[PDB]
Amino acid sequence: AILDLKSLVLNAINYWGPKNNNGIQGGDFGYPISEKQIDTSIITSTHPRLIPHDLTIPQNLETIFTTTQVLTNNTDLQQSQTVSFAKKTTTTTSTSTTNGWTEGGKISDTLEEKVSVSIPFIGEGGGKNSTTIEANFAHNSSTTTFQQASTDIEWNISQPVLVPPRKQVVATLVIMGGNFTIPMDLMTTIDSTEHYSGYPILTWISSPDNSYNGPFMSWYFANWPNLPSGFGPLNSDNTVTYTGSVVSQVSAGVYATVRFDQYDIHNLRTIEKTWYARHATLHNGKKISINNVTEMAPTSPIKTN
């Protein structure tokens, strides 16, 4: 859930009040105090960090783009030709907070973070592969509403291919992608715009006639016996880190292959020969063995001793 930090602060104040006056020397604030006697607008959220719980089970992929290039040689000499693809695709992430916090109902501005996430994946025919993708993730600890972010990438594939005399070679680019659900921790640190004696002031406590006030320091929040589980200990700078959580839905292209089909130039109905470029290209630009993502186990010759 999205916890109401203002309510929790009020509850902590009303716990300590009758016991030690929240450390304030003097005053009659009239415990239990009303929410009208505090003002938590000075609370800040700092150092936000998404920490993915990286996927380990190889994920299924689907074709997300396919296109062709036609290469022709109507001469009697073999020609070294070059096939080049340049395709822009957009990775999308949709991130929703499961556990988070808000100061009294306030919705903070959504922030964006680049995060590296593991993408284990299955090739055509069932091959198991591992890679990593860096993508933009939007996040907002104050609401469960989905936060969208886009990351544009470019698939740049260049390939020399030997085109025999009187042949047409068709090159087919296929990009495989998937939809992945990635849970992450979302840590945010509670601090304040105001401090006293080294402690964030989570609110001032006003007397019922608003004539005087005293500060509510973070020590009293961190050490409040009924503090909910997601709130951490006092940090070395007297802030308190909340360990929240999100789930992100990630739609991304993962790898691309190039297939070649050769035809007699006079008969473009019948494929004479088919083969793949020896490497596939990953999202992150790395090249991997084509055998890893197709039904072609790698072969080798015998060696004499």
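All residue numbers are counted from 1 along the displayed sequence.
The question of which stretch, 104 to 112 or 130 to 138, has the higher mean Cα B factor is settled in favour of 104 to 112. Relative to one another, 202 to 210 and 173 to 181 have unequal mean CA B-factors, and 202 to 210 is the one with the higher figure.
Ranking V163, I122, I119, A222 by the C-alpha B-factor listed in the PDB entry places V163 at the top. Within the listed group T90, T189, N74, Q147, the record reports its top CA B-factor for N74. The entry lists a Cα temperature factor for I271 that places it in the highest third of the chain's modelled residues. When the CA B factors of the chain's modelled residues are split into thirds, the value for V258 lands in the lowest one. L10 sits in the middle third of its chain by CA B factor, as recorded in the PDB entry.
For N60, the recorded CA temperature factor ranks within the highest third of the chain's modelled residues. Remark: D28 belongs to the highest third of its chain, ranked by C-alpha B-factor as recorded.
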